[PDB]
Asker: 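Would you mind keeping the following structure in view while I ask a few things?
Only heavy atoms go into these numbers, but all of them, side chains included; no hydrogens, no water, no symmetry mates. Throughout, protein chains are lettered first and strands after them, A, B, ... in sequence-line order, and every chain is numbered starting at 1. Start at 1 and go down the list; that is how both ligands and their atoms are numbered.
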Amino acid sequence: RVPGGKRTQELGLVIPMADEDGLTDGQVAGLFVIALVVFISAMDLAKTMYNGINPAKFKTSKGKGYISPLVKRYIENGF
Amino acid sequence: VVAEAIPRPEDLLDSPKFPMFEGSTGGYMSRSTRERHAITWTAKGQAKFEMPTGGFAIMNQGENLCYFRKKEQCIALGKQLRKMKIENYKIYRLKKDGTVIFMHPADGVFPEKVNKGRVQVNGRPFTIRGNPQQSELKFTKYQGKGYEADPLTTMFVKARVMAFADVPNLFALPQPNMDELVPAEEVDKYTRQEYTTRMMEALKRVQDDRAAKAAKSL
Amino acid sequence: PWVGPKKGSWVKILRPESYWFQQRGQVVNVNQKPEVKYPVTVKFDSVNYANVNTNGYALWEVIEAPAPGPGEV
Amino acid sequence: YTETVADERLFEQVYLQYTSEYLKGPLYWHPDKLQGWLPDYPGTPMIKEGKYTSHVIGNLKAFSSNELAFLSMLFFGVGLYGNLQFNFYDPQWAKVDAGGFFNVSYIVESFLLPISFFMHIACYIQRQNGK
Amino acid sequence: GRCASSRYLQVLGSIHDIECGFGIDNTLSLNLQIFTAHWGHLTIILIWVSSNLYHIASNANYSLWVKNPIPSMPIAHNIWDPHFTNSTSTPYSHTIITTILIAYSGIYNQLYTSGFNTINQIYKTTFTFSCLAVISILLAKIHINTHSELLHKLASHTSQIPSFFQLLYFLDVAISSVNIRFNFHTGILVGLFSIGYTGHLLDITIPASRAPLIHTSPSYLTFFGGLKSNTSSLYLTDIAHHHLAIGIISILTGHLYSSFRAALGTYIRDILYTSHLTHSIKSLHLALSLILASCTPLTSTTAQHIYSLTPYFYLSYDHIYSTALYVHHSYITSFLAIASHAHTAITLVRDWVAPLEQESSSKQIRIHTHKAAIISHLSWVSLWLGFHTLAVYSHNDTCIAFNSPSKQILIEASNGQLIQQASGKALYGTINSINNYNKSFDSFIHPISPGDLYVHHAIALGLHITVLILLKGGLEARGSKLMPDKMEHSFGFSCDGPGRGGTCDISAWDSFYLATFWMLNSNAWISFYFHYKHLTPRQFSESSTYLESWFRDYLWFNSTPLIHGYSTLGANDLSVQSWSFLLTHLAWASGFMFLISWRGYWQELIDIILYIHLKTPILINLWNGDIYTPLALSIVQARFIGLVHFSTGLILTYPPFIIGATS
Amino acid sequence: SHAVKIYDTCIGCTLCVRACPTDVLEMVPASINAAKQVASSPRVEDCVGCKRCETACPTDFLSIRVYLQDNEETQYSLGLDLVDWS
Amino acid sequence: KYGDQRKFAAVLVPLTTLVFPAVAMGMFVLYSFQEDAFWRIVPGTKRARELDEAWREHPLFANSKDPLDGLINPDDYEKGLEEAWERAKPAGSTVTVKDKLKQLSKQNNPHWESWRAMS
Ligand code: CLA
Ligand code: CLA
Ligand code: CLA
Ligand SMILES: CC1=C(/C=C/C(C)=C/C=C/C(C)=C/C=C/C=C(C)/C=C/C=C(C)/C=C/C2=C(C)CCCC2(C)C)C(C)(C)CCC1
Ligand code: SF4
Ligand code: SF4
């Protein structure tokens, strides 16, 4: 390394480098699996945010919706 | 008013109605634009004028005809002609199909002269400050367009502003009873006119309960 | 029967968006036609940004204020 | 008859005066009229007659003015005593520095000074309402 | 008809303005979109944290820096750029070894203090934070589905009475509720997070900093002071005790509002209604403005107290970390401070209902009644500060150029000195009453000189003018004498035409645009003050009362190593710093034309260029311009782009100078 | 297209009509002023937005107000010459 | 060796800073020519109309855009307004409340949201 700046040269500040590898390739692959999971989930979230809420789902979607018993209490507790 | 038979500028090459004009690169860009505006007028003497697209021109003692890309250029030339005491000039918009639309002296009388049969379009019956606040019309028909509100809506929101400042006399909206209301929509009792009577009696009960509760420590 | 402030009488402007809001100006004339919405014509010593020192106001925007006095708008 | 501008202004005034009174009632149901919005909570009016109603002081609304005055003065005395006996007289810093512990009574008492301030505020509020 | 080239700029100028969305019809959609965006942003933050932790784990030397931190230098990440020399060796690598970058963030000290010892722990931490990012995205999906399920449950919802429509206002009570949010934020998110961090310190950080001790006994909660001698940082026991105290206080405070039951706690509306407030708390812009105005003191005090009382191991021993952290957090808090005012102006434009003309009930009403007095007095104090700081600086410059250093006007900073003396007496009384005295507080109190007084007056001037511009924009956003209908238009619009005197820069957004220059200038003054006092306290104390000293002994003198970085003599490890220095100068100057030259010139230029394209042989038969018509940038877009260039240049020109001067 | 609105304070100057470069404005009969005429904007689709009408209006605050709508621009409101959107 | 992570870099850096950005730019310019492009900020898109109509189909949000929504019993409000105007009607005035409100609701703004005619 060719240092720059007065202080590094006049104090002898050095930047050690590990002679080992750091992380093995297996650990990097393990991180990349979960990174890919984040990536897929983020693409799905971006799609959902782009399209937004669909209010007309009650005409076609199955089920009948649900309001959790605490959500009702929060509704009638005030605002 | 009778619209003329202004032909498409690509089919009227070498017409006697064209004034002698120098011709410049400022003319309408063919090969990319098909909508052209045409202005016609009748002059008395071959008086030199200035084309809106650069370069000068000399009118004809009889009919005149010019083609322009924009209505603004036609109106500029119309003002220039009218400065020379030349009335009776008409401005047409030519569609791509060749349809002729009569534009500038729309009813035959110039817009600065009052003519019967006209109605104030985009008129608002108050001072400019009378427009409703943008904050009042959030998520309504006029979400970010408070200047487009009909005067009835402006008065309604003004009355709402007047009302929602006497806080002590307001009526708090009762909290809905979610857990025990909310059946399936097929489970209704109809009787719409009775539903307003139920509204009256339920709100009376709510107000009486609130008065009774308030008259405990107040 | 005359309606509105007298001619030559100072009036305080009550139009909020007016350049002369809460200022004072002499009444040039008051249009007597009941159909006119802004009949009161007021002239001011201080011109607005359009270099116009006169404007027509409504009957409910002038309150017949006294004379300005020394160093007072 | 033709509708002069004065007649239109009169209709404006009539409409506004009627509607501003109507919208305050139980028949307009605007989101600004919800609980937590402009109007007071149903059974708990805060300000009436331009005076803090008894419901302002919460659970203390049932307390008498004399009771609140006594509590205010007592808490002021106790909290001021705690603060003065913790800061200037009988300092605890040296004692706790050498491995000791605070005089817990002083710490508990010293928190009664702002409590006393708000207690005397509540005493005045109760006195105004005649409670 | 279709759009022109300005569509991209128009769309991207409000790409996140969810209130301006076209499909959005109600506060339910707005609140749900905002909540989902919050979840995505939290995911981004977690991924960024995991990124830094990974690169420290893999492409770095944490295992070696932890052993000898004082003279060693950390590694940010490797350099893989095919543009470098495939031969020889770059100045950023030890010959044949790979290329590295020195980290100036400060994460090494953060991890060392927090108790990290091994690379494996950092790798596990990276994995956990990636897991947390997954969890955040899944929570976003969960909440989108729950709100859509409530909406679908409105297919089985009726009150059997006309009051059923009231449920319209309570659909987003999950997001818009305030009492529950305040209670749980202040209690859990603040107090219990502090208590959990105290537990972390007592279980890991203090055990992994000294010899083995008792089973984390209550002797781990100390009240020493600051600056433990060996590591030149705060005592970890003191930090744990501080977090414990803050946690207890905030946990107690968090039981204030009525959150889960109607029988406990007071409502925020009733608290405000009986005070000098009662603002419209349902506005999202108002909440955003007043919490950005809260992150601003927090970030500014973070900048001040990371330096004054260094909390991390060997952080004061790094000459570059200390300046970089302070400058970074000062810029962040300046941005948040101007954000608070910008969103206050947006609140007044969009989400504020005012009485008819005279009802002086709202706080904004009372402020607007005498807004002219506020602006006039702010202008007066700004004028006074500017006049009397520039004039005294000019006196000093002139009298020191004339060989007369003794003719300067040097007002001794007596008030700041009195405050420092009182604080020092208090601290010394604290220390003298200790059996373990001889403590240090580093730079909590610093030597104050006339140069300090003049720089503080300059900083006060900058703050006053920034607040003046922002406050004027906020107060006249709804209408001024020049344009008494400004609340009918958008928050940002071009102008009001050349008539009525001329109306360039009339919108409230234009007030923000003008105020951002003053924010940048005030921040530059603060950063220059800190950096100059950091480089040479003695020379700053003596020769900083005349501006020529700032020009020569700081800027011209300290820029020597940076320009020499790459030259016709070889390169240093500052080559990137010098190249980015020049690039940021180019970016700063490039935005001048977007600010000085305005639209019409360029629109004519674009018309000429488009004439060429529609006249070139091959282009005309493929592209007539009717699809994405090239047009010059609109006026507001032009001002914003020039502002972006100016801000980027001014901000990013500084870190190269900091690195060249300190390292 | 922009939005050009005429308010009641109009006094029938006709200056706004004369200043318009694309014939957006016109004079209509009315009974709210001594001139018995007020302005109207029947053709705001041709309003470029030059605001010359606002410059020419002499009322205390403009009886004619032009509201710019940039996310609304058409080929006529932009004054496109080299390019046709029809 | 301290290297051997550059095996990952030699693939990732060219990929994510050349292949992904170029694909993203091409996909963006392709998306720019869809009829759905920027449907949330660009007026007159088909999806905006469908979303607005879907909101209007919900029973809660049927009369949500009406600025006058809220009157529980509009007949009572109108009757009270008419009664209050009768006692204040000036002399032999011929204007009723019903037609006055009807003509105060009907304004003439043809060029308002005319962009709801293409998609
Ligand atoms: C340093 C700031 C700066 C820069 C770079 C420019 C650049 C330019 N100005 Mg300008 N201008 C500025 C400040 C600046 N101006 C200021 C302060 C004013 C005062 C109002 C003006 C006023 C002004 C006017 C009035 C005019 C110009 C014109 C021009 C253009 C003519 C020069 C040209 O085409 O070269 C090319 C542009 C360059 C920047 C040269 C460097 C190009 C780089 C180094 C190579 C490419 C980089 C590479 C592709 C990287 C890719 C990007 C990356 C994302 C991958 C050019 C775009 C004239 C014009 O447009 O006429 C043609 C013109 O009429 N300017
Ligand atoms: C009769 C002269 C006069 C008087 C009494 C005042 C009085 C005042 N001005 Mg002021 N002002 C004046 C002229 C005057 N001004 C002129 C000519 C200008 C244009 C440069 C300004 C520009 C100005 C600004 C920009 C501000 C004030 C402010 C103020 C107020 C705070 C005091 C201050 O800032 O003074 C400082 C005054 C100045 C910096 C302006 C220079 C002073 C001029 C040169 C004096 C001229 C006097 C005149 C020649 C006398 C001739 C007498 C002869 C004909 C017989 C105060 C009410 C401030 C305010 O509103 O806060 C409440 C404020 O922000 N003034
Ligand atoms: C607009 C006026 C103004 C403003 C905003 C400031 C702002 C500041 N001053 Mg300051 N100062 C001023 C005027 C002002 N000063 C004047 C006129 C003097 C006398 C020469 C001083 C003398 C002074 C000293 C000695 C010190 C400060 C310091 C400070 C900083 C800390 C706050 C403080 O203690 O100030 C005190 C608060 C004020 C001075 C407010 C007074 C405002 C009045 C209206 C100014 C005019 C007073 C008038 C001339 C008195 C005439 C008396 C005569 C009748 C006999 C802060 C940046 C301290 C500092 O930065 O240390 C690091 C510090 O030590 N100031
Ligand atoms: C199969 C497998 C494999 C492979 C893997 C891979 C292939 C991976 C990749 C990975 C990757 C390639 C990753 C990436 C990632 C990325 C990311 C992770 C990013 C993210 C982002 C975010 C998260 C954000 C977002 C957003 C935005 C910005 C927009 C708006 C919205 C939001 C917010 C969402 C191996 C053999 C190895 C192993 C076994 C298994
Ligand atoms: S210029 Fe103004 S006042 Fe005159 S006619 Fe036109 S709109 Fe009316
Ligand atoms: S802005 Fe220009 S084109 Fe539009 S109506 Fe006014 S004068 Fe005519």
Asker: Please confirm whether G:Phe28 and G:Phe38 have ring centers closer than 6.0 angstrom.
Answerer: yes
Asker: For ligand 3, which is the ligand I care about here, please tell me if E:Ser414 has any N or O atom under 3.5 Å from one of the ligand's N or O atoms.
Answerer: yes
Asker: What protein heavy atom sits nearest atom 14 (C) of ligand 3, and how far off is it?
Answerer: E:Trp384 CZ3, 3.9 Å
Asker: Students should be able to answer this: which protein heavy-atom is nearest to atom 44 (C) of ligand 3, and at what distance?
Answerer: E:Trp380 CH2, 4.1 Å
Asker: Main chain of E:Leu453, side chain of E:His457: is a donor-acceptor contact present, judged purely on distance under 3.5 Å?
Answerer: yes
Asker: Nearest protein heavy-atom contact for atom 1 (C) of ligand 3: which residue, which atom, what distance?
Answerer: E:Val381 CG2, 3.5 Å
Asker: Would you confirm whether any non-hydrogen atom of the protein falls under 4.0 Å from atom 50 (C) of ligand 3?
Answerer: no
Asker: Using heavy atoms and a threshold below 4.0 Å, how should the contact between E:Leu385 and ligand 3 be classified: side chain, backbone, both, or neither?
Answerer: side chain
Asker: Could you tell me whether atom 63 (C) of ligand 3 has at least one protein heavy atom nearer than 4.0 Å?
Answerer: yes
Asker: With respect to E:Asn415, determine whether any N or O atom, backbone or side chain, lies less than 3.5 Å from an N or O atom of ligand 3.
Answerer: yes
Asker: Could you list the atoms of ligand 4 found under 4.0 angstrom from a heavy atom of A:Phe32?
Answerer: 8 (C), 10 (C)
Asker: In the protein, which heavy atom is nearest to atom 56 (C) of ligand 3, and how far is it?
Answerer: E:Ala460 CB, 4.8 Å
Asker: What part of E:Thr43 sits under 4.0 Å from ligand 4 if we count only heavy atoms: the side chain, the backbone, both or neither?
Answerer: side chain
Asker: Protein non-hydrogen atoms only, distance under 4.0 Å: does atom 31 (C) of ligand 3 have such a neighbour?
Answerer: no
Asker: Whether the side chain of E:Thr333 engages the backbone of E:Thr296 through a donor-acceptor N/O pair (distance < 3.5 Å, no angle test) should be reported.
Answerer: yes
Asker: For the side chain of E:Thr466 and the backbone of E:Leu463, is there at least one donor-acceptor N/O pair under 3.5 Å apart?
Answerer: no
Asker: Apply the test side chain to side chain contact (heavy atoms under 4.5 Å, CB included) to residues E:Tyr54 and A:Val28: give CA-CA distance (whole Å), side-chain angles for both, the deciding distance (0.1 Å), then the verdict.
Answerer: CA-CA 9 Å; E:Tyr54 161 79; A:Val28 187; 4.0 Å; yes
Asker: Looking at atom 22 (C) of ligand 3, would you say a protein heavy atom lies below 4.0 Å from it?
Answerer: no
Asker: Using heavy-atom distances, let me know which of E:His457, E:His388, E:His456 sits nearest atom 65 (N) of ligand 3.
Answerer: E:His457
Asker: Exactly one of B:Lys71, B:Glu72, B:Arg93 should register a side-chain hydrogen bond (donor to acceptor under 3.5 Å, both in side chains) with B:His37. Which one does?
Answerer: B:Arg93
Asker: Should E:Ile44 be listed as contacting ligand 4, given a heavy-atom distance under 4.0 Å as the test?
Answerer: yes
Asker: Answer yes if the ring centres of E:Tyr326 and E:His531 are under 6.0 angstrom apart, and no otherwise.
Answerer: no
Asker: Measure the distances from the heavy atoms of E:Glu412 to every atom of ligand 3 and state whether one is below 4.0 angstrom.
Answerer: yes
Asker: Considering only heavy atoms of E:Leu453, which atoms of ligand 3 have at least one such atom less than 4.0 Å away?
Answerer: 24 (C), 25 (C), 26 (C), 63 (C)
Asker: Is it true that E:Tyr529 and E:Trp525 have ring centroids separated by less than 6.0 Å?
Answerer: no
Asker: Within a distance under 4.0 Å of any heavy atom of A:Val38, pick out the atoms of ligand 4 and give their elements.
Answerer: 18 (C), 23 (C)
Asker: Listed by chain and number, what are the side chain to side chain contact (heavy atoms under 4.5 Å, CB included) partners of A:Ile53, not counting sequence neighbours?
Answerer: E:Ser29, E:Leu32, E:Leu151
Asker: Looking at E:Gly416, which atoms of ligand 3 are within less than 4.0 Å of one of its heavy atoms?
Answerer: 61 (O), 63 (C), 64 (O)
Asker: Determine, counting only non-hydrogen atoms of the protein, whether one lies under 4.0 angstrom from atom 5 (C) of ligand 3.
Answerer: yes
Asker: With a cut-off of 2.8 Å, how many protein N, O or S atoms neighbour atom 4 (Fe) of ligand 6?
Answerer: 1
